[PDB]
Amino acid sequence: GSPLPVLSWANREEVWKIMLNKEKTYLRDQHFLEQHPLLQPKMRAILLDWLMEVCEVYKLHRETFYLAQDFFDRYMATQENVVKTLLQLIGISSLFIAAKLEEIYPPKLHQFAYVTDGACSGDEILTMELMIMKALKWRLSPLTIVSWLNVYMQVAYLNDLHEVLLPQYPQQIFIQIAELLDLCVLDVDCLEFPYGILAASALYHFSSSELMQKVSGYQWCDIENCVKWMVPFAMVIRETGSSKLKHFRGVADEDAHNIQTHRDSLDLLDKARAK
């Protein structure tokens, strides 16, 4: 099962089992917007796209963004009949929690309020964050989509079997795949696929089935439906061209691949879902 090498600090198979059980304990519903019957999937795509932009401005990690997306989608699936006017508050509160979890120096509440441009106050965000955390039962430690890409890349590029914890993958392959994942995640249909299979499918579209299998342990039967779902998204990414690694002020250049970026993806999402 384990694509991982032998580990000194743990059993490889056990570490990999623990990770797969997590995926099953954290449950996602591609149909959760049927509980909010007057909301459209485009509303979620705009909200998440907006959160990526906030992330890029505050040099937040991709991990912080994907944590917020998971909290958003799992919180909404616990609730019913949420009015479209509260999505910004739920989104920004999700990101507030995600930032306090993942960031060393997270932005202050005043900045999360500032980006909402009047709509959401600090008090509204403090109220909402508690509402979210109690609804989720404080289950705030998922393996995100991007956490799976981090580990697949490490396995692909592993040189030192004594340094499996020290990252040793190239930066441009990582951000190219993350760009495809950032596009897919704007479509709520993505939630039908486990987050490890989404990571694996986006890697396969930039790779081979030889590599996908090597880094992930999945077989073709496992990712087939996801891979096929993901094709219009891959195609659109290929035709628009991939983005170059950015430098971020105050971010080490060997750490810059971990910073969430943002392009005009709602145009790509239209193009993609056309097909």
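Rigid core: the largest C-alpha set superposing within 1.5 Å between the two forms. Residue indices: 1-based, along the sequence shown.
> With the rigid core held as the alignment frame, decide whether 157 to 165 or 78 to 86 lies farther from the shown form in 6 other deposited structures of this protein, in terms of RMS C-alpha distance.
When 157 to 165 and 78 to 86 are compared in 6 other deposited structures of this protein, 157 to 165 lies farther out.
> Comparing 100 to 108 with 152 to 160, which stretch shows the greater average C-alpha B-factor in the deposited entry?
Between 152 to 160 and 100 to 108, it is 152 to 160 that shows the higher mean C-alpha B-factor.
> Hey, which bit's got the bigger mean C-alpha B factor in the entry, 215 to 223 or 49 to 57?
Of 49 to 57 and 215 to 223, the stretch with the higher C-alpha B-factor average is 215 to 223.
> So among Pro142, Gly91, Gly122, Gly118, who wins on Cα B-factor in the entry?
The record points to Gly118.
> Going by the CA temperature factor in the entry, name the top one among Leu27, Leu33, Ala68, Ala234.
Comparing C-alpha B-factors across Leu27, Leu33, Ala68, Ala234, the top value belongs to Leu27.
> Compare the C-alpha B factor of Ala256 with those of the other modelled residues in its chain, then answer lowest, middle or highest third.
According to the entry, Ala256 has a C-alpha B-factor in the chain's middle third.
> Using the B-factor values recorded in the entry, state whether the Cα atom of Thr127 falls in the lowest, middle or highest third among the modelled residues of its chain.
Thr127: CA B-factor falls in the middle third of its chain.
> Going by the recorded CA B-factors, say which third of the chain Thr85 sits in, lowest, middle or highest.
Tercile = middle for this residue's CA B-factor.
> In terms of the CA temperature factor given in the entry, to which third of its chain does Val146 belong: lowest, middle or highest?
Tercile = middle for this residue's CA B-factor.
> Going by the recorded CA B-factors, say which third of the chain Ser201 sits in, lowest, middle or highest.
Ranked within chain, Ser201 CA B lands in the lowest tercile.
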